[PDB]
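# Inside the fold
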2 protein chains.
Amino acid sequence: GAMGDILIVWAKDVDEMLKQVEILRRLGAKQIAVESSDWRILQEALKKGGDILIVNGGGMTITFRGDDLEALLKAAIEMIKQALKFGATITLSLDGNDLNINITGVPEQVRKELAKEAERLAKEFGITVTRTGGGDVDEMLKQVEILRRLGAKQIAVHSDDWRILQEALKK
Amino acid sequence: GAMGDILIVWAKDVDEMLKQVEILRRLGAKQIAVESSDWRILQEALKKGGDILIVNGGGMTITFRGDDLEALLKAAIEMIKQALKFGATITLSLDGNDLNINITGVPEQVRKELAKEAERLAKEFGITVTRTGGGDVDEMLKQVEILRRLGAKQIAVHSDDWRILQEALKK
């Protein structure tokens, strides 16, 4: 199209991913790359005819959920400060009662610490939290090979995510 | 490679982009997609042999700079709350004394408001701020065509960015 070749659709839920693709296809979108921490969502993207994927190999998605946006923001702000200080790249967006946080570029131990901190903040601010993705480098390698077997043509990795995974592989 | 085909490198400075590419190439990285709000950085990516680009068509990058990280975080947190409430996707990362904020998925008027708010917060917290990118839909279309003339093979747009730009084109 006039604005580009590929739209990037981010998802942490397979049904929300399919809803977003349908909206964009109705607006005349053609090629769609799906970005997700959930390997199953990337597999669904391939099943439905996508072949460009963006992974979260070493990181995870944290989703705070609640009626009170000010409570979600208080929890997210503590996650932002801690994650940034450890050298993370963090992406935030609102979707109804969800505040979605995609985290990359921290070692596995630090990400597990952040996941535990998310659970503590959820309890502190009277909200719920879900984790999407979060695995080790061997699982990342295994799941990338599965995506290729299922017909992925282009798999993209955030450079900070890749550098963390390469460091984990050397160890 | 074993972890994927493409690394995504984000940049708001052309020299930092080239530094990151060299680091990754030394670690054995091959294909690199460059993501930037600055069309000149995307043009440099093509000049140096890249052909995959990720734009920020309707959004912008805001960079707070200062010695006091707690001051940068105070300014960034006000930007996060305001941008999220308007329906933005925001990506944050630290790089030395810079706090980088990539904003997509808000209409042009709201983005201009956020840019003015960034200038006010910089003054309030005794830090500096720079804007990278930020243009209208006609400029976006013009610059995408220039990237294609300069040999771009795949141009990706965030779906929220694309939906804002499509809405601006209908108007």
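The PDB entry lists chain A under the name TFD-EH, with synthetic construct given as the organism. The title given to this PDB entry is "Metal-free de novo protein scaffold TFD-EH".

## Comments concerning empty space enclosed by the protein
Applying the stated criterion across every chain yields a total of one cavity of 30 Å³ or more. Each pocket or cavity is described by its volume, and for the largest cavity that value is around 140 Å³. Lining the largest cavity are 14 residues, with A:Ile6, A:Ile52, A:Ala156, B:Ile52 and B:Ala156 sitting closest to its centre. Looking at the lining of the largest cavity, the elements with two or more residues in it are β1 (6-10), β3 (52-54) and β8 (154-158) of chain A together with β1 (6-10), β3 (52-54) and β8 (154-158) of chain B.

## Section: helix α1 (residues 14-26) of chain B
Its 13 residues give α1(B) an end-to-end C-alpha distance of 19 Å, which sits within 8% of 18 Å, the value for a rise of 1.5 Å per residue. Listed in full, the buried residues belonging to α1(B) are B:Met17, B:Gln20, B:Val21, B:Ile23 and B:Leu24. Seen from one end, α1(B) has its buried residues packed into an arc of 160°, which puts them on one side. Away from the buried face of α1(B) by more than 90 degrees, exposed residues B:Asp15, B:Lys19 and B:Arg26 are located. Check the buried side of α1(B) and you find it contacts α6 (159-170) of chain A together with β1, β2 (31-35) and α2 (39-47) of chain B. Where α1(B) terminates, the next one or two residues include B:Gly28, which has phi positive at roughly 100°.

Cut-offs used in this document
Residues numbered from 1 in each chain as written, not as in the entry; some residues may be left out. Chains lettered and ligands numbered in written order. Heavy atoms only, no water. 1 Å grid on protein atoms, 1.4 Å probe; cavity = no way out; pocket = protein on both sides within 12 Å on 5 of 7 lines; lining within 4 Å. Points joined across faces, edges and corners; volume = space filled by probe spheres on them. Helix = DSSP H or I, 4+ residues; strand = E, 2+ residues; numbered from the N terminus. Expected span 1.5 Å × (residues − 1). Buried < 20%, exposed > 50% of the residue type's maximum accessible area, 1.4 Å probe, protein only. Arc of directions from axis to C-beta. Contact = heavy atoms within 4.5 Å.

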